[PDB]
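Summary of the model geometry
Each chain, letter by letter, is given below.
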Amino acid sequence: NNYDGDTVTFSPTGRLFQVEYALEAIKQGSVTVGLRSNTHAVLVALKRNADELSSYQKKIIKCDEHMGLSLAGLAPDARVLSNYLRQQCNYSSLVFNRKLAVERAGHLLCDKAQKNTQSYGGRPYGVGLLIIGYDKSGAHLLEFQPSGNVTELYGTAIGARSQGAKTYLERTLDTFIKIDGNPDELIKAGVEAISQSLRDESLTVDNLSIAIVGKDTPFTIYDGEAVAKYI
Amino acid sequence: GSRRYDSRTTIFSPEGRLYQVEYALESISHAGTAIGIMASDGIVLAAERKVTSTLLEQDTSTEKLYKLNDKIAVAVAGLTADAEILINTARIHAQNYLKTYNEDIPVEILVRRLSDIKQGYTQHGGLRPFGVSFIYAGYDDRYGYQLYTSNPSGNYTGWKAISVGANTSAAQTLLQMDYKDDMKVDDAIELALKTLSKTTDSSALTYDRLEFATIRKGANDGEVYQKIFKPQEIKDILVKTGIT
Amino acid sequence: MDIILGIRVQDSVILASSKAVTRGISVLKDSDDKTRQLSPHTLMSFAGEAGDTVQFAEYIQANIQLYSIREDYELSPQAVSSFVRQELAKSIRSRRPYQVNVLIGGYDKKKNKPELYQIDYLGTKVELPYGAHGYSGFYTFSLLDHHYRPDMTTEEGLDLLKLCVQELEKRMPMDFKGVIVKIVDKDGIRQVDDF
Amino acid sequence: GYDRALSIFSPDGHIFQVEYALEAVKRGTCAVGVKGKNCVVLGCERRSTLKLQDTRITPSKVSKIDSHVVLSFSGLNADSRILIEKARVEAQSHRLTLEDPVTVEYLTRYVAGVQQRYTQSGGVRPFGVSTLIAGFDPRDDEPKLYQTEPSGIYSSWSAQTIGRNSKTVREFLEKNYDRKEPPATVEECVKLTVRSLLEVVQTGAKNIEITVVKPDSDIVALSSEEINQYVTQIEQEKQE
Amino acid sequence: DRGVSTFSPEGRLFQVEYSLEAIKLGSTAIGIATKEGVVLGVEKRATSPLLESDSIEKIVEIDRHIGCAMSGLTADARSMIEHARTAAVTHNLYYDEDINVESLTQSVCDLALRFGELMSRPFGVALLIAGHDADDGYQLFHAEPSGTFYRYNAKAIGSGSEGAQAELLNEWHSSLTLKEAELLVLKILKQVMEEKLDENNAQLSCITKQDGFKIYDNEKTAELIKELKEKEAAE
Amino acid sequence: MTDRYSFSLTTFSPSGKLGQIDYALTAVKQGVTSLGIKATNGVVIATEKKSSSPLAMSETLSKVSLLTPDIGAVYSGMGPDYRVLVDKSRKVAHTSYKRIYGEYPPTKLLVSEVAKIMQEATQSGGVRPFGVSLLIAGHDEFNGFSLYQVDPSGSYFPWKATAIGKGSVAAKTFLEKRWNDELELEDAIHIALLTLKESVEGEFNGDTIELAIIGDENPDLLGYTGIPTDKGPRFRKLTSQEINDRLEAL
Amino acid sequence: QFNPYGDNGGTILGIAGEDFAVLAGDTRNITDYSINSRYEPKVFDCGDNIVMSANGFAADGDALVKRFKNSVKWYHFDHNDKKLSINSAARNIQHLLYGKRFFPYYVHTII
Amino acid sequence: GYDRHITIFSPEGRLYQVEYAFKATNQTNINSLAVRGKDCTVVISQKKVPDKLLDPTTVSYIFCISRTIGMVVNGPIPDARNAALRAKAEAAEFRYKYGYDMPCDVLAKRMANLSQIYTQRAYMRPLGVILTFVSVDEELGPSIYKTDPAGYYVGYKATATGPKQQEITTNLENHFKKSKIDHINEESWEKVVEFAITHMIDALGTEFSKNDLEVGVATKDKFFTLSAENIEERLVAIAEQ
Amino acid sequence: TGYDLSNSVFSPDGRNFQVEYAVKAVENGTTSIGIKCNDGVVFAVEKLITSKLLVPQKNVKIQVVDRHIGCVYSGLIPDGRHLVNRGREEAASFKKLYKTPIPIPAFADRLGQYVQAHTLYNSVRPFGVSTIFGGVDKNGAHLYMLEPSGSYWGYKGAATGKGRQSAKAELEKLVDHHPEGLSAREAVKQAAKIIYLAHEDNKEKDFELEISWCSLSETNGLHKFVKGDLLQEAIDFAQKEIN
Ligand SMILES: [Cl-]
Ligand SMILES: [Mg+2]
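Residues numbered from 1 in each chain as written, not as in the entry; some residues may be left out. Chains lettered and ligands numbered in written order. Part of a larger assembly, values for the part shown. Heavy atoms only, no water.

For this deposition, the record names X-ray crystallography as the technique by which the model was determined and cites 2.90 Å as its resolution.

Per the PDB entry, chain B carries the name PROTEASOME SUBUNIT ALPHA TYPE-3 and comes from Saccharomyces cerevisiae. The header of this PDB entry states its title as "yCP in complex with the epoxyketone inhibitor ONX 0914".

Chain A is annotated in the PDB entry as PROTEASOME SUBUNIT ALPHA TYPE-6 of Saccharomyces cerevisiae.

See the structure below:
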C-alpha cells in the first residue's frame, strides 16, 4: 500500500511487496513442469502465442551440455539469468576443467536475485525458473524464485494453474522416480503431468516444448514434429 | 530512497515555464535597484545599496558593482554570494581568452559564456539556479560601448538603457521617457540618479546608500578608463545634480 | 615536406612552399600544396613529420573556421598566431607531440598591415619581415638580409622570392620540385600559377 | 551525478515533460519558413514590448550554422544557443572527416538526435525549442527546409511556421502556397513570407526579421527599409 | 513520485505498460510473411498538407537482407536502428556472413530493458523487423519495449492494430504469393486509415532473397493501389 | 549505497524566499549574543560563554578562535557548524593563499573564502546551509584594521561595529550611540563589555565572558627571535584575569 | 629480464582433398635441448567439423585453441545452434589473433 | 513534513533528526558516570543483563580505544560499536601519521566533527549515541571529554549520562561546591572508584551487586576495565565503612 | 508521521521502524537454535516440508564459514546467504593478512558492523534475518546471535524464529540444571529435542531436522554436519521426549 514503492522498503508485517509483485508475474506466465528419475531429468513447457498469426514463445533455454532451464514470467529477465548461468558454467569449465554442480548453479542464482531486493534503484527479477541437470551426483531438478529462494525437488511446476501438475506429481512420486534408463517413459509422465494444468486448450505440435538431460544424454530440446510422438 | 526529497529544480510547469527560474526572478525583484545607461562617449552604472545601517563601513565595501577586467564591469541584483561565484568564473574566462589570443575579450563573448553557465543550471544537474541578474557594462574595439543584462534563465539581451532588481517597471518607463541617442555621459549620470531618486523605496537618496561607476574614453587618447566612485565622489555628484 | 618560406612586404605577405612529397628513395608527388586557409585573410604553411603536418593544419583550420561562424567575425592574424602557438606549447609536453613547424601569413584588415609569424613545433613564436623553416633558412636569411627592403611591392617581393628559390635549387642537396607561391593582402588570398 | 528520470511515461502514454516543452515553444515568438523555386526565406517575429533595445548587439533570431545552412527557432532562447553551438561544431567536424559540408538533411538529423537524447537521458529536461533549418546542399540548387521539435522528430516542409499564433499563419500558408507553382523569384517568396507574418505580428516596423538564403552560400539579411517596402506594398493592395 | 523500474501489484512494470499506450497512438504499420518474401507497409500520416510526405521515413533498411518498420514515438527508433545496423555489420566483420534475423532482433531487444535509475525510460516505439536468412528463411518479428519479441506470419501495430490484426487472421494462409500479400497490406491499410489511401500517404516495401530489401516507389505503389481497387469492384 | 542526494536541498519558493537560508538565520537568532567593535588602532570581538553544565570546563570550549596570526573569528548559532568552519577557514588560508604568496591573506580575502564555503552549502547537492553567522576581525598591511560579518547565505558585509544573535537588535542600538570614528582600542573594549552586560543574565566575569582583540604586534607571543620583519601576532585572547581588571573600572 | 615467450618446437601440416581434409602434427614437445613429452597432442577437434592446431609457443597455442573452442560454444548459444562454417571460423580466429596485435600469440595456426 | 525525516532545517531553525537521535541515547536505560582523581580518571556504568541465556562477559558498553584512551557509550550497541571501531581506527592512524599517542580531547573533537557531518549531509544519519572519552593525558592530566549526536563536545570536571543523569549531575555538583576543588583529592584509583560508586548509589538510590556495575579506570600509560571480583573487592570496602 | 517509510530515519521515540519491520520478517521464519557446550557449540534448525516433492537431506540451510565457524538463520533465507557470503570474505581477508583463522568474537563484529551499516542509509534495506553462529578458536567455544539492527551478544543458548519463546524456555532449563556444563554429544541430543518441542508452534506442515556442531574433542575444532547414526540417535531421543 504505502510500502510497495520500491524493493528497499519492508511492510509493517515484514513483507517485501515488490518481491511479491514480481512473484505475481510468474503466476500470469504459461505453465511449465519439471521432474526427474535417478538417471534422467525432464522439462516440459506449455508455450504461449500472441494470436494464430504469431509464433509460440520459447520457454526452454540451454545453459551447458549438462544443464538448462525452463522459464515462466518475464522472458527478458530469464535471458539475463540464463546468460549469467552460461557464464558461470563456462567459468567452471575453463578455469577448473570442472562441470558446474547443479546445486552451486542454484546458489549462484539465489545470490544474484537477492542483491536486487536489498538495493535502491534496482528491481527484483520478474521470472521463475526450473533448472534441470546431470552432474557428478546424478540427476537434479531445481526451482528458482526471484525472491532468491531456490529449492531442490524430485518434481514440480510453475506458472498459471501449476497446482494441477504439482498435485499429480505429488501422487505419482513413487512411480516416476524409478523410471531409470528410459527417456520416453519419463517424458510421458511429464506430458501427463502438464496435462493436469490445461483448460479448454490441448497439447498440439507447435504448442508443446520438451527438454531432457541424463547419464548418456546431453541437454537437448525438442520442438515441432519431434514432439508429435508424445501427443 | 532519496527520490522522496527531490524538489526537481530543472522541470517544466504545465504552462511551459521553469518554476525555479520564475521564483529566482521573484527573489531578484526585491533586491536593490541597479541601472545601466549607455551614452555615445561612455557608460554609467548606478546601484542602490540594500537598506543600509549607520554603522556599516561604506568606503571599504563592495555589494553591487564589480570589476571583471579593465574594460568590463557588472552591476549585481540578487544574492551577493551567488554573484561572486559567477564573477570569479567570468574573471577567469576573461584571462583565458587573453592568454589564448593575446587580445582582450569581446564583451558579448564573456556575457554569452556566463549566461551559458546559468542556462546549464536550469536544464541539468538538479541544482537550484543562481539567484542573480547582471548588468554588464563594457567596451571593445568591435562594437564600442555595450550594455547587456543576464538573468537566472541564462537569457541575455543588449540595451541602450536598462534597470534590474526592484521597481524595474517604474524605472524603465522613466528611462524610456528621458533617454535619447545623442546623449553624453554627464547627462546619463544625471538620468541614472534622477531615476533611482524617484523609484527608491527609501525616504531620500543619499551618498551612503549608493554605488556608482563610469566607463569613459575620458583617459588620454583612444583608451578606456574604469571609475568606481568613492563615497566622497558620490556625495559631490549628488550635490552637483541637485538631489541633496 | 621540407622547404617553407615567407616574406612580408609593404602591402602583402608572400608564402612559398615546396611541392615534393618524398618517402624513402621515391618522390611520391610533385604538386603538393603545403598550406591551409585558416580564414579569408589568413594563410598557414606547414612542414615537419609525415601525417602530423596535415592533421595539425586541418585541426587548426577547423577551430578558426568554428570561431568565424560563432562570432560572425574574422580573428586577427596576431590572434590566430597566439592560438596556434598555445596549441603547440601544449603539444610539446604531451605523450606524443605534434612535430610540425608553421608560418602564418595574414593581412590585418583593422590595421591595414601585412603580418608574418614564424612558429616552431616547441611553440616558439616570432613576428618577422621574412621567415623560413628547416635547412632553407641557412641560405635565405643571409640572402634576404642583403636584398630585402621594408617598402617593397608585391612584384618586387616575388622577384626577391625567385632569388631565394634559385639559390636553394643550386645549393640544396634534395630535389624539392619547385614551389607553390601564394599572396595574402587586403583582397584576400590568391595563388600564383606560373612560378 | 544527478540521475533522476525527469522525462517519463504517464498512464495515458504521454511524456509530459516533452509535451510541456512544446508549450514553451508555443509561448515563443513566431518563426516562419517558406521555400521558393530557387531560394528559401526565413521570417521571424520580434515582440514590441521591448523598446530601448540595441539591435546591433542583441542576438539575431536567425543563426548561421555554416556558410550554406541557417537555423531559426521558437521557444526558450537560452536553450537554442546550446543546440546552435553543437550544430556549428558538428558542421566543422563533418567538413574535417568527410571533406564536404553537411547536407541540410544531415544537419537537421543531428540536431533532432540531440533533442531526442534529452528526452530519455537521466538528470536532464528536454529542450524547450523547435527549429526551422534551411539551406542548400553542396553543389545543389534544390531548396531545403526542415523542422525539428523537442520530442526529436523531424521532417521536410514546402513551407512551415512555429511559435505563438503559428496555427493562424499555417492556415494562411496552407491556402496561399501552391505546391505545383512555388514562389518563382526571391521577391515573390519574401512577399509571401511577410504577408504570412502580417496576419499575426501587429506592425510591420521593427517587428519582422527576414533572411534570404540562395544557392552556393549566398545568405543575406534584409534591413528595416527593405522589409518596410514589402509591408507598404502589401497594405496598399489589401485596400481593395 | 515513484521508481522508474517499479512493479505494479499485478506483476507488470508500470513504465513498460505506459509505453505500450504511446505505441497505440502511433501510425499503423503492417507486415506479412510469405514463402516468396516478406512485405512491410506503413501509414505515413502527414500532420499537414504542406509537409513533404516523401521525407516521412517510417520504413528503414538495417542490412541488405533485413528491413524494419516502426510505429509510436518514431524519434526513439533512431538509436535502435543505429544499433541494429551496427550489430548487423559488426557480425559480418567478425564472422564473414549474414546475421540471422532472430539474432538481430534479440540484439535490438537487449536495449529495451536497459533503462532505470542506462537510459531514463523505455522506448516509446514498436518495431516490425522483417528479413531472410539461409536457416529459417523469410521471417517477421514484432519487437516491443518490454524486451520481448514474437515471430509472426502477419502482424499489425499502431492505432488500427486490433482491427487490422483481426482482418489478417482471416486473410492469411501459408500459400500467399508476394503480389497477393502486397495487395493485402494495401487493402487492410485503406480500411484502418483515417484519410483516403494513396501513393503519397502510404508506403510499401519488401525483402526477397534475390533482390534483398527494397522500398517501393510512389509510381510502383500507385499501380498496386489501382490494381487493388479494380479487383474489389470485380466481384 | 553512496550519496544519492545529488540535488539541491535549498530551493526557491514561489514567493522568492530561500527557505533553508531563512531557517538557518532563525537558528542564528536563537544563538547566544556575540559582537564586534572597530577602533582606530584595533578591533575587539566578544561573546558570552554559555556553559552547558557547571561540571563542564568552559575553558576547553573556545568560541573565539584564531584563524591567522592577524585574524580572529567569533560566532552566533550552532557551535559544531562553527568548529568545522574554523578548521576549513584555517586550512584555506594556507592552501589558497600562504602556500602561493608566502604570506597570510588579508582579512577581506579570507572572509571571501569562508563565504564561498558557506554559499556552496546553500546550492550543492545533499547538504543544508551552515547554521551560523560569523564575525571576523582582522588586520593587514594595506587595508589596516577591519571587521566583517558572514551570514548563512554566504553574504558578507564590513562593519564599524555590530552584534549578532539573541539580543542583537538592542545591542546594535547601544553601539550606535557609543561608536565614533576616534575610538581608541581600550575605549572599544570598555564599550564591548558594557554592551555585552545587557544581553548576559547570570554571572558576568572573566570566566563567563570570552573576549579577544586585533591590535599591536606581540613579539612576546611569537615564540622566537632573530628575524626583524617577523614581529608577532596581532591577535590576542584576553585572559580571565585581564577581563576582571577592566570590570572594576566599569 | 623476464622473457614471456618460449619455443616448444614440433611441426604441423594440413592438406585438403575433394570431399575431405587432413590436419597432421607430431606429438613431441620440447624446450631447448630437452624433451618434455613424447606424446602431447596439439591438433584438436573443436566441434562443427573443424580441426585446429596452433604450433609454436604451446602456452599461447593452448590459450588460443581454448578461446576458439569457447567461441564455437557461444556462437551456438547466440545464434540458435547454427553450424559455424569454416570460412566464418577463419574470420573469427583473425580477430582473436589480431586482438593481441601488440603482444602476439607466438603461433602459426592452421584449421 | 519531510524536514523531520532528513537533516535539514525546520521553520524554527531546528534539526529534528538530531533531536530524535538524542532520544535514542536513553533506549538502553543505562546510567554512566565519570570523575577525575589526582593520578587517574574513573568511569562507571550500570550493567543490566535481563536475559538468563546471555553470556554476561560479552555485555559491555565500555571500550578500550587505545592503550591510554577509554570510552563509554550511552545508546544502542550497534551504533556504540560503530563509533568504537571508528575511534580505534582514528587513534591508530593518528599515532602513525603524527608520531605520538592521540590525546583524549583531540579524539573527542575528531569524533564530534564526524558527528557534525551527519547533521549537515543528508544521506548519513546521526548515530544515536553519547560518547564519553576518558584518559590521563600526558599534557592535560586526568581528562573527561564527551560527544553527542549534535556534534557538540566539551571537557568536564566530572559528568554523568543516561535517563537519571540530572540526579547524578546535581549530586556531583553539590560535592564540588563542598570540596571547593576540580577533582577527587585521593591518592589511589581504588578509592576514586569507591567514590564514584558511592555517589552513584546516593543519586540513584539503588544498591549494587558485583554484576550490576561496570568500571573503567584510566591511569598514566594505560586504560583498563575491572573484572567482577575487582568490583566485588571494591563493594566490600564501601560496605565496611 | 511517515517515519516508517524510509530506512535510517529516527522516529520521535528514537527508533528506526524499518529495522523493527525487518524483525517481523524474522519472527515469521522457521525456528533455529544454538547451544554452547563444554568445548564447542551445536546448531540446529527446523526445515518445513512444504511438499512430498522436496528431496530429503538436499536443501541444506546451515552454512559453514572458513573451516571452524557455523552459521544458521531464520527469516529471509536469501538475505542470510548474502550475510554468510560477506562473512566468508571477511574471514578470508583476516586469514590472508594475520595468518591465524579469524576468532569468533572478531568474526561476530565483522558481521555486526556490516549489518549495522545497512541501517545507516535510506538507499539500502535492513537484513531480514537473525543469525545464530559461533565456533571454536584459541580461547575456546563461543556462541553468538545477531539481529537486523546490528545488535549481537554472546550466549549460553540462543533461539530465533516462530518458535523462539518455546525454545528459549527449554534453553533456560538446561542452563539451570547444568551449571558445570553440557557435553557436545548431549547438546546434539538436546538440540533435537528443542527443535521438536519448538515445532509445536509450526505444526501444520511436518518438518525435517538438521543439526551441525563444532567441538574441540568430538570434531577436532572443525565444523561438521551431524549425519547418519548420530543424527538418527538424536531424532529418536527427541521422539521419546515428546511422548
Ligand atoms: Cl576533523
Ligand atoms: Mg622558431
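Additional details are given in the paragraphs that follow.
When helices and strands are tallied, chain A shows 5 helices and 10 strands. Over its C-alpha atoms chain A spans a radius of gyration of 18 Å, differing by no more than 12% from the 17 Å that the globule rule assigns to 231 residues. In terms of overall dimensions, chain A has a C-alpha envelope of 50 × 50 × 35 Å along the principal axes. Looking at chain A as a whole, 60% of its 231 residues are labelled buried. Across chain A, the fraction of contacts at a sequence separation of at least 24, relative to all contacts at a separation of at least 6, is 62%. Per element, the accessible surface of chain A, about 9000 Å² overall, is 45% carbon and sulfur. Between the averaged position of the 25 positive side-chain charges in chain A and that of its 26 negative side-chain charges there is a distance of 4 Å. (Helix = DSSP H or I, 4+ residues; strand = E, 2+ residues; numbered from the N terminus. Rg over C-alpha atoms; globule rule 2.2 N^0.38 Å. Buried < 20%, exposed > 50% of the residue type's maximum accessible area, 1.4 Å probe, protein only. Contact = heavy atoms within 4.5 Å. Areas by Shrake-Rupley, 256 points an atom, 1.4 Å probe, with all protein chains shown as cover. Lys, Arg positive; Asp, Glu negative; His and termini not counted. Charge placed at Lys NZ, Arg CZ, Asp CG, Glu CD.)

A word on the pattern of salt bridges. Side-chain pairing between opposite charges can occur once the charged atoms of the two side chains come close. Going through the model one piece at a time under the given rule, you end up with 88 salt bridges over all chains. Between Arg190(C) and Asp185(C) there is a salt bridge, with the nearest N and O atoms lying 2.7 Å from each other. Accessibility expressed as a relative area gives 42% for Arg190(C), which makes it partly exposed. Assessed through its relative accessible area of 9%, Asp185(C) is described here as buried. A salt bridge links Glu20(I) to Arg15(I), with the shortest nitrogen-to-oxygen separation between them at 2.9 Å. (Salt bridge = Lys/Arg side-chain N within 4 Å of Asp/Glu carboxyl O.)

Interface size is commonly expressed as the accessible area that is lost once the parts come together. At the interface, 4 residues of chain I touch 4 residues of chain F. Between chain I and chain F, roughly 280 Å² of surface is buried when both sides are summed, and carbon and sulfur atoms account for 55% of that area. Interface area lost by chain I to chain F is led by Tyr121(I), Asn122(I) and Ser123(I), which between them contribute 88%. For the pair chain I and chain F, the interface holds 0 salt bridges. Classifying every residue of the side of chain I that touches chain F gives 2 nonpolar, 2 polar and no charged. (Buried area = accessible area lost by both parts, 1.4 Å probe. Nonpolar A, V, L, I, M, F, W, Y, C, P; charged D, E, K, R; others polar.)

Let us now look at the interface of chain D and chain B. Taken together, the contact pairs 30 residues of chain D with 38 residues of chain B. Between chain D and chain B the total buried area reaches about 2900 Å² when both faces are included, carbon and sulfur atoms providing 56% of it. There are 2 salt bridges connecting chain D and chain B. Here chain D is connected to chain B by 12 residue pairs in polar contact. Looking at the side of chain D that touches chain B, the elements with two or more residues in it are α1 (16-27) and α2 (77-98) of chain D. (Polar contact = N/O pair within 3.5 Å; in protein donor to acceptor, adjacent residues only side chain to side chain.)

Residue and element names in this part refer to chain A. Given a rise of 1.5 Å per residue, 12 residues ought to cover 16 Å, and the 17 Å separating the end C-alpha atoms of helix α1 (residues 17-28) matches this to within 8%. The complete set of buried residues in α1 reads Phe-17, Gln-18, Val-19, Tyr-21, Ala-22, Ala-25 and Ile-26. Of the surrounding secondary structure, the elements contacted by the buried residues of α1 are β4 (67-73), β5 (127-135) and β8 (155-158). (Expected span 1.5 Å × (residues − 1).)

Take the environment of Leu210(B) next. Residues and elements named next belong to chain B. Within the element layout of this structure, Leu-210 appears in strand β9 (residues 210-216). Between the alpha carbons of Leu-210 and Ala-46 there is a distance of 7.4 Å; along the sequence they are 164 residues apart. Dropping the residues within four chain positions of it, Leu-210 is found in contact with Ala-47, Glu-48, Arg-49, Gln-58, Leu-193, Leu-196, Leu-205, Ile-234 and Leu-238.

Here we take up the nonpolar core. Counting residues in each nonpolar core, the largest one holds 76 residues, and the members touching the most others are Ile65(H), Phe133(H), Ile33(I) and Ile211(I). With 9 residues, helix α5 (residues 184-198) of chain I is the single largest residue contributor to this core. Here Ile211(I) is in contact with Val42(I), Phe43(I), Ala44(I), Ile62(I), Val188(I), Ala192(I), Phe225(I), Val226(I), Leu231(I) and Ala234(I), once residues within four sequence places are set aside. (Core = buried A, V, L, I, M, F, W, Y, C linked by side-chain atoms within 4.5 Å.)

Attention now moves to a nonpolar patch on the surface. A contiguous nonpolar patch, built from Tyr91(A), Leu94(A), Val95(A) and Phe96(A) and spanning about 410 Å² of accessible area, is present on the exposed surface. With respect to the helices and strands, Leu94(A) occurs in helix α2 (residues 75-96). (Patch = residues over 30% accessible without salt bridge, like charges linked within 9 Å, V, L, I, M, F, W, Y side chains within 5 Å.)

For the structure on display, the rule yields 46 aromatic pairs over all chains. Plain terms: the ring middles of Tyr101(B) and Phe83(C) are 6.1 Å apart, the flat faces sit at 15° to each other, and that makes the pair stacked. Of the two residues, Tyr101(B) sits in helix α2 (residues 80-101) while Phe83(C) sits in helix α2 (residues 77-91), which places them in two different chains. A single burial state applies to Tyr101(B) and to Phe83(C), both of which are buried. It is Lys112(A) that lies over the ring of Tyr84(A); its NZ or CZ is 5.2 Å from the centre. The positively charged end of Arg2(E) is found above the aromatic ring belonging to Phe14(E), 3.8 Å away from the centroid. (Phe/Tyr/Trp six-rings, centres within 6.5 Å; stacked < 30°, edge-to-face > 60°. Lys NZ or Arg CZ within 6 Å of the ring centre and 35° of its normal.)

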